[PDB]
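K.L.:
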Amino acid sequence: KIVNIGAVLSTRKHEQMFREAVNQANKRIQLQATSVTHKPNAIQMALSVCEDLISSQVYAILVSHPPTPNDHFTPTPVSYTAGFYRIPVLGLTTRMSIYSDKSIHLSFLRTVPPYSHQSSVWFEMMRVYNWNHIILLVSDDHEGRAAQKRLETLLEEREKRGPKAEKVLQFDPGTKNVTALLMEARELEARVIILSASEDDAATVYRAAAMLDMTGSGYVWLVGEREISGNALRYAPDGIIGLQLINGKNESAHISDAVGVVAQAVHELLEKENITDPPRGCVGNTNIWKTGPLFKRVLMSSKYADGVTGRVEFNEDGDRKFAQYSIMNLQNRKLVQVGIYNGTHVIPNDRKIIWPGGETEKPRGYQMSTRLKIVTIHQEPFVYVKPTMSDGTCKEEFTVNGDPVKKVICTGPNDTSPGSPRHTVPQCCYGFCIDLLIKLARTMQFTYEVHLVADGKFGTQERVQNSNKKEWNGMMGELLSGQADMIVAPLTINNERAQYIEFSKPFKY
Amino acid sequence: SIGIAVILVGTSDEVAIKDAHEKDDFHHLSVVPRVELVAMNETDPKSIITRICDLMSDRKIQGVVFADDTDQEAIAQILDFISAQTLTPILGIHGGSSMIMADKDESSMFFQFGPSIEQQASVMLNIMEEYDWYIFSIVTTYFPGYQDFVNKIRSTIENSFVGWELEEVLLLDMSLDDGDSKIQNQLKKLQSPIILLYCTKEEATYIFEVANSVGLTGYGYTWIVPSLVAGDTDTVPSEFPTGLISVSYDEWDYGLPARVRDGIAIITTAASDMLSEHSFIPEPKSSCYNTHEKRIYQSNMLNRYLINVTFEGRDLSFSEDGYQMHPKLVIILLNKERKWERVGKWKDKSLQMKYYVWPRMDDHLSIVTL
Amino acid sequence: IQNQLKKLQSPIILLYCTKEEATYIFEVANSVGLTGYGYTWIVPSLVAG
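The listed protein sequences derive, respectively, from chains A, B and D. For the first sequence, the residue numbers in the authors' numbering are 25 to 52, 58 to 188, 207 to 556. For the second sequence, the residue numbers in the authors' numbering are 34 to 394, 403 to 411. The third sequence begins at 216 in the authors' numbering and counts up one residue at a time.
1. Taking only runs of the alpha helix (DSSP H) that begin and end inside the region 156 to 243 of chain B, which ones reach a length of at least 4 residues, in chain order?
2. Is B:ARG292 near B:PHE146, with beta carbons less than 7 Å apart?
3. If you measure from the beta carbon of D:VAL243 to each beta carbon in chain B, is any gap under 7 Å?
4. So with CB distances below 7 Å, who are the chain A contacts of B:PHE144?
5. Note down, in chain order, each residue of its chain lying with its Cβ closer than 8 Å to the Cβ of A:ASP364, except the 5 sequence neighbours on either side.
6. Check the Cβ of D:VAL247 against every Cβ in chain B and list those closer than 8 Å, keeping chain order.
7. Report yes if the CB atom of A:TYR114 is closer than 7 Å to the CB atom of B:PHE114, and no otherwise.
8. The beta strand (DSSP E) that contains A:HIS392, what's its start and end?
9. Which residues in chain A have a C-beta closer than 9 Å to the C-beta of B:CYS321? List them in chain order.
10. Relative to the alpha-carbon of A:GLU213, which residue among A:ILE400, A:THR123, A:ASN376, A:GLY412 has its alpha-carbon at the smallest distance?
11. Take B:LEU70 and list the residues in its own chain whose beta-carbon comes closer than 6 Å to its own, dropping the five residues that flank it on each side.
12. By Cβ distance below 8 Å, which residues in the same chain neighbour A:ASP462 in space, the five residues on each side in sequence not counted?
13. Curious, which full-length beta strand (DSSP E) runs of at least 3 residues does the region 124 to 150 of chain A contain?
14. Please list the partners that A:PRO106 has in chain B, where partner means a Cβ-to-Cβ separation under 7 Å.
15. When burial is assigned at 16 or more other CB atoms within 10 Å of the CB, is B:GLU75 buried or exposed?
16. Quickly, what does DSSP pair A:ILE29 with across the bridge? List them, please.
17. Between which two residues does the alpha helix (DSSP H) carrying A:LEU346 extend?
18. Please list, in chain order, the chain E residues whose beta carbon lies closer than 7 Å to that of A:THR110.
19. Just checking: is the beta-carbon of A:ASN541 within a distance shorter than 7 Å of some beta-carbon in chain B?
20. Which same chain residues end up closer than 8 Å to B:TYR179 when comparing Cβ atoms and leaving out the 5 residues on each side of it in sequence?
21. Leaving out five residues on either side along the sequence, give the residues of the same chain with a beta carbon under 6 Å from the beta carbon of A:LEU180.
22. Tell me, which residues are paired with B:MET73 by DSSP?
23. Could you tell me whether the Cβ of B:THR233 comes closer than 7 Å to any Cβ of chain A?
24. Under the rule that 16 or more other beta-carbon atoms within 10 Å means buried, what is B:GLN118, buried or exposed?
25. From B:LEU349 to B:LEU339, what distance separates their C-alpha atoms?
26. Let me check one thing: in DSSP terms, what residues is A:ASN389 bridge-paired to?
27. Starting from the beta carbon of A:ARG510, find every residue of chain B whose beta carbon is closer than 7 Å, and list them in chain order.
28. Would you identify the three-state DSSP class for A:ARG273, choosing helix, strand or coil?
29. Output yes or no for whether 7 Å exceeds the beta carbon distance between B:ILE150 and B:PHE182.
30. In whole angstroms, give me the CA-to-CA distance for A:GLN371 and A:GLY295.
31. Going by the beta-carbon positions, is the gap between A:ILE58 and A:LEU317 smaller than 7 Å?
32. Which partner residues of A:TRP160 appear in the DSSP bridge assignment?
33. Does DSSP put A:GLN86 in a helix, in a strand, or in coil?
34. Would you report the Cα separation of A:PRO98 and A:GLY120, rounded to the nearest angstrom?
35. Between the Cα of D:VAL258 and the Cα atoms of D:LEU220, D:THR238, D:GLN219, D:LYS221, which residue gives the shortest distance?
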């Protein structure tokens, strides 16, 4: 018989190219070609696909990216009207981040992998340069959350120190004050930043970083392909590392690969026993074509046709795996490919790679910041809270032994009240824990600046149904927030607080 | 005037809904319930979309209550599609099987008469606590929503002070026979009297068959399956034993006329509140063929004010995804006669159980004390 | 028998029957989930051979 493949194309030239491709692939039952141009709206597009369905309805509908950067509003209604009858849909070029949904899209095969592949190659590259701490941040809700989840899943392996995490951060695509998060970022240890924001978001981040000068020969950058555009390059400092997958804008090559893979798929499906061809009708066809599930299962199991994307293989997600990615960089506004990553082979191009900030040597890991922020609490037998004098110091009293009290000055909302909270004058405090911290500093040569907490709160795992998440609020909260470093207050031990943080050997019972 | 449409396909529910005007409860003298009870027999996507566009172009359509008799998520799919393209909010007032909690996008939010799977898990755990059987395990396949469901379950476990011990969480798949043997082994190593699953009716039949094959029957092993994936089709296969319990929307207790009345009342109240606060009536351009008309997507999102209204003196708010903020579902348990019986009624967030004990199938002695 | 074996919950099981019935019971046991991981058996050689 004849399997007339229904196809939708953005340009008539590509429609004629697909006609020539199917005419060439007919050499390998035969196959015909049904073509239809795209519509400006989803209503006319769906109506034309329904008119294209009543004609043949024996196909695996494919789609490509229009010149508009949406690439979703056109392929979505055809996928919906296909899944209405459990008909698979094929995708050549689009943002597979949102399209990677087995529930939304019934059967979808993306030729171009989503940014999960970018996160994977970022992890692979980080596993090479021995960098064990990364400051990641995302702006887009859906794509950013998916990339962060994929990164966390990849890091959940390995059950050296090993790169686990430094600080996860989310943002907005339309914000203009990312400097708030960038201050905390620069206040951390490792100068390894990775972002996956949008175009204008990346431009704003680049502007804020240039205002902060986040390129002092230590700031390693890893940027996705969604931000290597010239609009971002107008604000992007040189030396950053960009990504670019193979066969980016090769539309004809993608169409050739698609017609080849669907020819292989139809040749594999026509060898089965039961073939319930879908009815040539869009109206009244409120049933499920038996060729749908079986066709999906036989195309996803082992089918692999040659083409332009090399040894293409469909992973267990409906996406083409084992792709090639050109590892480019911003070597003085020149996107030179420092290497090519394909499958698992980390292959550098042996080019003279320069790091941002004029440095020619590979930047090391985090810089050990010899400065800690100690949080404490008011407790009579261990820590003391006394007001300072006029000049700012406090009366150096003595004991029966005549030894100095070696007091220290800690800034804390300690002199105010919970009724009128305000940043006080630094109060001078001393005690047992203070002397212990003095000994620790004299042993390890620290540069400390201790301070109390806002509302006491030794520690609480407060939970609520407003956000369905439980967070630590208090001294331990400030500790886990990132502003504090270590607890020197008389903190008790228990299985609850030992989950998030780890304690040391006791100095009292 | 308010342009409301009551779309029905498959079945026929011609009722006295015309009493909405006789109710006379709208204080604002700018909203008239110009309802249009449009009916049809075919259920083709193209025909449905053309009829929707024709209805939106005939009168000033602002909110459409929908009813059907089929069972498919394509209804919610095309609803989200039309809410994204034409930006027209509709209402799934029990919608046949359209009252099925499904994901959506940042389009015009359309409410569905169904709760979240998290609420189903919470009421299931409450029923389990009414029986004091604080031992359960999780067995599910590669079905959508499994991750969020198990995360909500784990969060509810870590929000109590009772020994809720999750024996084993299982993520499975119906791929081949070796996977089936592994599933059988893991089920033999389950040893839990309470098991929760979520998948379609055919996979449920298959898993019940393999369960009663490996030795999982209704003697002491009871199950808890959400109705969203099970469905109250009034014909249970022989695979599912007489021990399963589920919770579904109040289809047997909250009638379709009451549901559509509540929906049109919510629509009317939201429209009145919006056109009284903003005082600027947007023009519902029903082009269906003009891309230049897409510039009308500049006013405030109607879903924001739609999901924060109430009517009939009852809290009828809507969630961010389009769920119900209203209690009083129906707890359904199938008896030995292969028929679904409404024993419990999860009303007002309470477990209205009967007999003060689970009616299980000579070794049950009572005692006196003092 | 499969139900009673699922309700066995014992790591040590003893049986005595011919080689064909032993093969059959081992087949149904590894089908219902009785393998050599933690469930060991003791069978007399008079009937095993």
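Where a beta carbon is used, it is the ideal one built from N, C-alpha and C, also for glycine.
P.N.:
Quick answer:
1. 179 to 190, 210 to 221
2. Taking the first residue of the second sequence as 1, we reach residue 292 of chain B at position 259. Taking the first residue of the second sequence as 1, we reach residue 146 of chain B at position 113. In contact: B:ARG292 and B:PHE146 (Cβ atoms closer than 7 Å).
3. Taking the first residue of the third sequence as position 1, residue 243 of chain D is located at position 28. Judged by the 7 Å Cβ criterion, D:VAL243 is not in contact with chain B.
4. As a working mapping, residue 144 of chain B is identified with position 111 in the second sequence. Per Cβ cutoff of 7 Å: no residues; B:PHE144 is ~20 Å from chain A at best.
5. Position 317 of the first sequence, counted from the first residue, corresponds to residue 364 of chain A. Cβ within range, chain order: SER129, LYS131.
6. Here residue 247 of chain D is taken as the residue at index 32 of the third sequence, counted from 1. The contacting residues are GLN217, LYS221, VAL247, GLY248.
7. On the first sequence, residue 114 of chain A is found 85 positions in, with the first residue counted as 1. On the second sequence, residue 114 of chain B is found 81 positions in, with the first residue counted as 1. Cβ atoms of A:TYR114 and B:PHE114: not closer than 7 Å.
8. Start at 1 with the first residue of the first sequence, and residue 392 of chain A comes out as number 345. Taken as a continuous stretch (DSSP letters only), the beta strand (DSSP E) holding A:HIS392 covers 392 to 395.
9. The residue given as residue 321 of chain B occupies position 288 in the second sequence. Those within 9 Å of B:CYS321 in chain A are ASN70, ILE72, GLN73.
10. Looking up residue 213 of chain A in the first sequence gives position 166. Ranking the options by Cα distance to A:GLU213, first place goes to A:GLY412.
11. To locate residue 70 of chain B, count along the second sequence from 1; it is residue 37. Result list for B:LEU70: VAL39, in chain order.
12. Locating residue 462 of chain A in the first sequence gives position 415, where the first residue counts as 1. So the list reads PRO434, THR471, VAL472, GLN474, once near-sequence residues are dropped.
13. Those beta strand (DSSP E) runs which fall completely within the region 124 to 150 of chain A and span 3+ residues are 137 to 139.
14. For the purposes of this step, residue 106 of chain A is taken as residue 77 along the first sequence, with counting starting at 1. The contacting residues are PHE114.
15. Numbered from 1 along the second sequence, position 42 holds the residue referred to as residue 75 of chain B. Per the 10 Å Cβ criterion, exposed.
16. The residue you call residue 29 of chain A lines up with position 5 of the first sequence. A:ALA62, per the DSSP bridge assignment.
17. The sequence position of residue 346 of chain A within the first sequence is 299, counting from 1. 338 to 348 is the span of the alpha helix (DSSP H), which, as asked, contains A:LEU346.
18. No chain E appears in this structure, whose protein chains are A, B and D.
19. As a working note, residue 541 of chain A is residue 494 in the first sequence. No, A:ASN541 lies away from the interface with chain B (no Cβ there is under 7 Å from its Cβ).
20. By 1-based counting over the second sequence, the position of residue 179 of chain B is 146. Result list for B:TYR179: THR173, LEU204, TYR231, in chain order.
21. Here residue 180 of chain A refers to the residue found at position 151 of the first sequence. The answer, listed in chain order, is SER148.
22. Counted from its first residue, the second sequence places residue 73 of chain B at position 40. According to DSSP, which records beta bridges pairwise, B:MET73 is partnered with B:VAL42.
23. Working through the second sequence from its first residue, we reach residue 233 of chain B at position 200. Cβ-Cβ to chain A under 7 Å: no for B:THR233.
24. Taking the second sequence and counting its residues from 1, one reaches residue 118 of chain B at position 85. Classification of B:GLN118: buried, given that the 10 Å Cβ count is 16 or more.
25. On the second sequence, position 316 is the one that residue 349 of chain B refers to. On the second sequence, position 306 is the one that residue 339 of chain B refers to. Spanning the two alpha carbons is a distance of roughly 11 Å.
26. Taking the first sequence and counting its residues from 1, one reaches residue 389 of chain A at position 342. Looking at the DSSP assignment, A:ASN389 forms a beta bridge with A:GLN371, A:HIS392.
27. Walking along the first sequence from the start, residue 510 of chain A turns up at place 463. Those within 7 Å of A:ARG510 in chain B are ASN192.
28. Residue numbering aside, residue 273 of chain A sits at position 226 when the first sequence is read from its first letter. It is helical.
29. Numbered from 1 along the second sequence, position 117 holds the residue referred to as residue 150 of chain B. Numbered from 1 along the second sequence, position 149 holds the residue referred to as residue 182 of chain B. Yes, these two residues count as a Cβ contact at 7 Å.
30. Within the first sequence, the letter at position 324 stands for residue 371 of chain A. Within the first sequence, the letter at position 248 stands for residue 295 of chain A. Cα-Cα distance, rounded: 11 Å.
31. Within the first sequence, numbered from 1, the residue matching residue 58 of chain A stands at position 29. Within the first sequence, numbered from 1, the residue matching residue 317 of chain A stands at position 270. Going by C-beta atoms, A:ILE58 is nearer than 7 Å to A:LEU317.
32. In the first sequence, counting from the first residue as 1, residue 160 of chain A sits at position 131. Bridge partners of A:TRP160: none, in fact.
33. Sequence index remark: in the first sequence, residue 86 of chain A carries index 57 (1-based). Looking at A:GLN86 - three-state DSSP - the assignment turns out to be coil, as it is neither helix nor strand.
34. For the purposes of this step, residue 98 of chain A is taken as the residue at position 69 of the first sequence. For the purposes of this step, residue 120 of chain A is taken as the residue at position 91 of the first sequence. Taking the straight line joining both Cα atoms gives about 15 Å.
35. The residue given as residue 258 of chain D occupies position 43 in the third sequence. D:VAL258 has its Cα closest to that of D:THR238, out of D:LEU220, D:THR238, D:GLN219, D:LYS221.
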